[PDB]
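Here's the structure, in structure tokens; my notes come after.
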Ligand SMILES: Nc1ncnc2c1ncn2[C@@H]1O[C@H](COP(=O)(O)OP(=O)(O)OP(O)(O)=S)[C@@H](O)[C@H]1O
Ligand SMILES: Nc1ncnc2c1ncn2[C@@H]1O[C@H](COP(=O)(O)OP(=O)(O)O)[C@@H](O)[C@H]1O
Ligand SMILES: [Mg+2]
Ligand SMILES: [Mg+2]
Ligand SMILES: [Zn+2]
Ligand SMILES: [Zn+2]
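Residue numbers (the deposited numbering), protein chains in the order written: chain 7, 2 to 31, 59 to 166, 177 to 212, 220 to 728; chain 4, 177 to 779, 789 to 853; chain I, 509 to 538; chain E, 2 to 49.
This is the structure:
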């Protein structure tokens, strides 16, 4: 009493639990209660994760206030101390857990049948205590209360199949959701539910982390469960059940992996964004502990708002540097919000649909989307059209022989200085959900490859991917393309043709998957275009690198009176007001462009005979025209079968932008037009 | 009643269902299941399948039954047994082993056969389910998938030596020399704390005799995942497989295998001093079946695994190294080999989706067939591996031809030239993370032994990296003398290299050697140097454009856009049969034609070394092996000479100067 | 019931005998 | 800064044959003697 003194805190957990139960049972504003609908789904085993919205709790409290009832601030209590309310809400859900309307069959998970077995076993042991005491003949309330004193049942955490998470309350619908930098998360925020805004830099493999290790004793037939809380644990050697503890001949008990409780465990590393780091500082990282069904929701390169419980961990640094009870910290992730939704996770829900129709019905989708790509960049409309086609990409074809065709458009922008090639690269990086901006001859030599290291979390050798690997199923914007090393150039060649990187080096023999669309920006030989010199002469690209690019723009800066007047009005308007000059044309928001492009990428248009015949004729005419000029000062490198597949890819991308399933003549017309005007700036 | 705790498995019901499945299954059930009812032939798909298998295993004395898991889906009564086996492999496989023993005993007794029942009863029969559901890769398995029957597919990189796993511990008394033999129980052996003899009860008298215990074989194999689905941004993964007591040494490095086994997790002790385990479990696979034969892949070269094949017979592992060729399949192979257009049929069957390149696909086919391997009784070795270089104008499908020969070959590694190193292509020293030791791992040229190594961008790889390929392309070996490794390693791998000339275009002004830009010592090692040129011909464009645009008419193309092409399933089996069973022998007329032609070629410009005669012979042998001929006539030598001449385009090359006459090119 | 029975082997494997200890009634599971 | 991990058990299966000398068998037999002993049709020890 004198030691371990008691303190008077304003938190009463009994009525807080009562409020939690009332909210779970009665809240229905989002036909019946939302949360019992969710628990009914969980009981029937269609759902294994319970997400408790703090907006729902806040709305429930507001409604209780409006009707006059005084309700405790459950939202603030959860935000201040979130670890206890996961525990509380789990107990409350267990109390109000509906019976399953679907019977256990052979297609259910082994965990589900194990939980059903132990639930039935504990109810049977309750009934067996009851029958035995009734036979002993010594009110049913007292009989029951004796039974739960003399039963060793499976605790509710062992008969539990769902995972509980706390979704932060929205800023518009409002502490736990305002984004914090890694620096702004001090020790005052420890123990609270907080949201950190950052970029993920390293994700470990999903490993089974034991939470309650189970053992079976062959002597008494008991199952002894030992909870695990730390990095390491000491296994039990002798049984600790009632029978063996009371007896003198103890039983030696063996592990039961199938009966143990495991958690899907990941240890991600979030990092400060460049806009969050102070002046002259290096960004610092934070450890995120992802558990349960939330795993595989974070990947390196993701810019995310991660909401979780900021919790302390035992010290792991040097012992001589420990001054007091120093503790490491991590973020027990509860919710993940992706700034750039991936194209693979696209679903045609109602709101996604309404937005897409409001984009289509406005008309001129192709030109609106192209002109909306970097709208302060002015007068590069064919450039923006080609970039939009690169974002959409063609249709990947796997022939039955096992052959694969790339399906992705590589675009090279060779141009004069000050033409916005680098500004167009960052625009594409911003638009793309998986976009990697690199500069040649910087530090990307290992970037255009993967490096083998050791995972600190899990004792394995894993090769972490670089620029060409992190931008997988995305876009790699390579600036200063003409200034890379030979190894990097060969890697780019392999990526642009086979979409793989074959590495055979000391310690590694692998074929990395790099399904990357390459957007290169280059400067012409001598840094400025010499129209006196041949185009191929001024292009410092091997006929084989040039061949790989589906489109090669020649962005030349020729002086003029009207064109320069119009660029200067645009740039000066952008400098006054942080927006583009045109009032008739409104740019598409980059989030709504990503949603349209995600929708468009789900279509796989095919080519009919009537369109592919023209495609063949155009290819023949292109080949003849290329043959007629091999060195006529306008030679772009003669046409190749790669130009046919680039024409095909551009036509398929244009068909996808129309949300069509037929590759029409208009799309092939526009593809040929884009290829032709890729090179008219020379004239 | 009486199901097993923690499982849905009931011993009686599962045994009855599996016995009914074994006694009453016909392959027409699976043919109906796979929606292939029009392939159903009454002769072999209407016999009890597993009754015949049990009879064959009884006659042959084997102990392992290879159960196709998908077969359980065909039978109605075992639709649940499939899920039980996948979910609970341990209990279900034990019940299946018992049921196999009962089934064979019933087959012997009920049919009143002569076979002795003593050696059947004392034999341990095992079941090897392989074709379980193939999905989820390896990294997408959650902790709920622990102790489940999973199916991985990948490449074998390394294998530890045979580890002894103690099954019976033999103790001995330090006083009275009395011995008990304790049995292992879930990895724990109960050491006696007292001599069980009533005469002496000394407490710590008993000592473990390590060399008199009973041990079993355990082996850990390092595998690289090659999943069907690869999520964006991830890199290739490596896992550890555990093979036990008959599957040890059944997988060699460089093997592409599909392995079915139990997904297990073990706690790893943090330190060797104290007994404290790590809360983060380590995952691995207990191998129960290994499949080394793919129906869309050539069989492994039996000339390289003869010792391994006969060691497999002593080991009674019953691992199918080479696919089975039935009598009907052999008759079909002979009928196809009797065709008049066999050469052009096999050539156009190679990569059907690549446009017409008849000589490139005819050289590729001959390389796949290979020459004749001649071992000297007095000491020596000639290997029929054919090395082919594809130098040519950019965009000619050279890389698609390397990607097909990589996919179709049994073993081989696809390299990119600049991404390869001299150490990388040979054996190197790495560090294991499990044992924390230094181990040897094979290179690309060693993992490709017995197959084809595909090297793209052969020009971009440096001079010193190219030095290691000399010994491989000539002696088919790598004689390595480095710190920790001094030995000769077999590297009997054909080399399929691809390259473009300097300037990335074949300039007709420069001679052939200037364009290829390879040292005479390496350009001689190539048995076939192809100059693939992109000429502008209107009909060539017309037809290459129809070919490419026909692949886009349907979302997943079924390519039959030829007169007739053999399926890869038939093509690989034909090539494997010809390689295994046909060994052409040079005849005297072939010898005279060979000498004639070599002297004719032996008369700047590309040189003709003595190695060209050796490319002739083996090429001729390859042709003689293609037609299933056991002898080489002068027609095969003439075909080899014609292929050699047409590959380098001698018909358009001036003898005095190595210019290619662009008007003389025969693209067609 | 019918009057006949399948011909079962006499030798029981150690694993099959070990599985006999873990049996529970079908009221649990299926 | 974490709490104390708990250890708990639950009966699932019949273990090894109850042996007569086991403290838990002795306790069970004493409990049965207390609850079931009758003297002149009276549970003397239960009532006491
Ligand atoms: N003859 C052909 N048959 C089929 N597809 C072809 C043919 N020629 C070109 N293609 C296609 O056009 C592309 C060029 O083929 P590649 O395999 O890239 O040629 P390559 O010879 O490897 O090119 P380099 O020399 O490495 S630049 C591929 O995507 C093919 O699908
Ligand atoms: N057409 C244009 N519209 C708007 N700004 C432009 C345009 N061309 C160049 N600029 C300006 O030029 C500056 C430098 O362009 P940058 O992309 O860095 O050049 P480059 O791509 O040639 O390396 C940028 O700040 C950009 O705003
Ligand atoms: Mg720039
Ligand atoms: Mg290539
Ligand atoms: Zn016990
Ligand atoms: Zn003794």
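Ideal placement from N, C-alpha and C gives every residue a C-beta, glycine not left out.
Short of 6 Å from the beta carbon of residue 683 (chain 7), and not among the five residues preceding or following it, lie these beta carbons of its own chain, in chain order: 671. When rounded, the separation of the alpha-carbon atoms in residue 381 (chain 7) and residue 351 (chain 7) is 5 Å.
Fully contained in the segment 642-697 of chain 4 are the following alpha helix (DSSP H) runs of length 4 or more, in chain order: 644-650, 688-692. The alpha-carbon of residue 376 (chain 4) is positioned some 7 Å away from that of residue 352 (chain 4). Of all C-beta pairs linking the segment 425-442 of chain 7 to the segment 554-566 of chain 7, three or more are shorter than 8 Å, placing the two stretches in contact.
Residue-level contact by beta carbon holds for residue 184 (chain 4) and chain 7, with a gap shorter than 8 Å.
Spatial neighbours of residue 102 (chain 7) in its own chain (CB-CB distance under 6 Å, excluding positions within 5 residues in sequence) are listed in chain order as 20, 85. Neighbourhood of residue 453 (chain 4) in chain 7, by CB distance below 7 Å: 277, 278, 280, in chain order. For residue 271 (chain 7), the three-state secondary structure derived from DSSP is strand.
Within the chosen limit of 7 Å, ligand 5 reaches the beta carbon of residue 298 (chain 7) through at least one heavy atom.
Among the residues of the segment 253-274 of chain 7, those with a Cβ less than 7 Å away from any Cβ of chain 4 are 253, 254, 255, 273, in the order of the chain. By the Cβ neighbour-count rule, residue 116 (chain 7) is buried, with 16 or more other Cβ atoms within 10 Å of its own. Proximity of the segment 611-618 of chain 4 to the segment 638-653 of chain 4 falls short of the contact definition, fewer than three beta-carbon pairs being nearer than 8 Å. Counting along the chain, no beta strand (DSSP E) covers residue 535 (chain 7); the unbroken alpha helix (DSSP H) around it starts and ends at 531-543.
For residue 133 (chain 7), the closest Cβ of chain I is nearer than 8 Å.
Between residue 503 (chain 4) and the set 178 (chain 4), 203 (chain 4), 205 (chain 4), 220 (chain 4), the nearest pair of CA atoms involves 220 (chain 4). Residues 400, 401 of the same chain have their beta carbon placed closer than 7 Å to that of residue 412 (chain 4), with the five preceding and five following residues left out of the count.
Listed along chain I are 536, each with a C-beta nearer than 7 Å to that of residue 149 (chain 7). Look at residue 254 (chain 7) here: in three-state DSSP terms it is strand.
With contacts defined by Cβ atoms closer than 8 Å, residue 528 (chain 4) and residue 738 (chain 4) form a contacting pair. Between the segment 563-581 of chain 4 and the segment 629-641 of chain 4, the count of Cβ pairs shorter than 8 Å is three or higher; the stretches touch. Residue 211 (chain 7) is classed as exposed because its beta carbon has fewer than 16 other beta carbons within 10 Å across all chains shown. Closer than 8 Å to the CB of residue 144 (chain 7) there is at least one CB belonging to chain I.
Taking a beta-carbon distance threshold of 8 Å, residue 8 (chain E) counts as an interface residue toward chain 7. By the C-beta criterion, the segment 759-773 of chain 4 is judged not to be in contact with the segment 497-517 of chain 4, since fewer than 3 inter-stretch pairs fall below 8 Å.
Between residue 833 (chain 4) and residue 705 (chain 4), the CB-CB gap stays under 8 Å. Nearest neighbour of residue 600 (chain 4) by Cα position, chosen from 488 (chain 7), 524 (chain 7), 548 (chain 7), 395 (chain 7), turns out to be 548 (chain 7). Listed in chain order, the non-local C-beta contacts of residue 441 (chain 4) below 6 Å within the same chain comprise 322, 457, 459, local neighbours out to five positions each way being set aside. Taking a cut-off of 8 Å on C-beta distances, the segment 141-157 of chain 7 does not touch the segment 91-99 of chain 7, as fewer than three cross pairs fall below it. Under the three-state reduction of DSSP, residue 558 (chain 7) is assigned to strand. Between the segment 324-341 of chain 4 and the segment 413-433 of chain 4, the count of Cβ pairs shorter than 8 Å is three or higher; the stretches touch. For residue 43 (chain E), no Cβ of chain 7 is located within less than 8 Å of the residue's own Cβ. Listed along chain I, no residue sits closer than 9 Å to residue 138 (chain 7) by beta-carbon distance, the nearest being about 10 Å off. Listed in chain order, the beta strand (DSSP E) elements of length 3 or more contained wholly in the segment 221-263 of chain 4 amount to none. Separation of the CB atoms of residue 626 (chain 4) and residue 480 (chain 4) is rounded to 4 Å, and the pair is thereby assigned contact status at 8 Å. Using a C-beta cut-off of 8 Å, the segment 585-596 of chain 7 makes contact with the segment 675-692 of chain 4, since at least three inter-stretch Cβ pairs fall below that distance.
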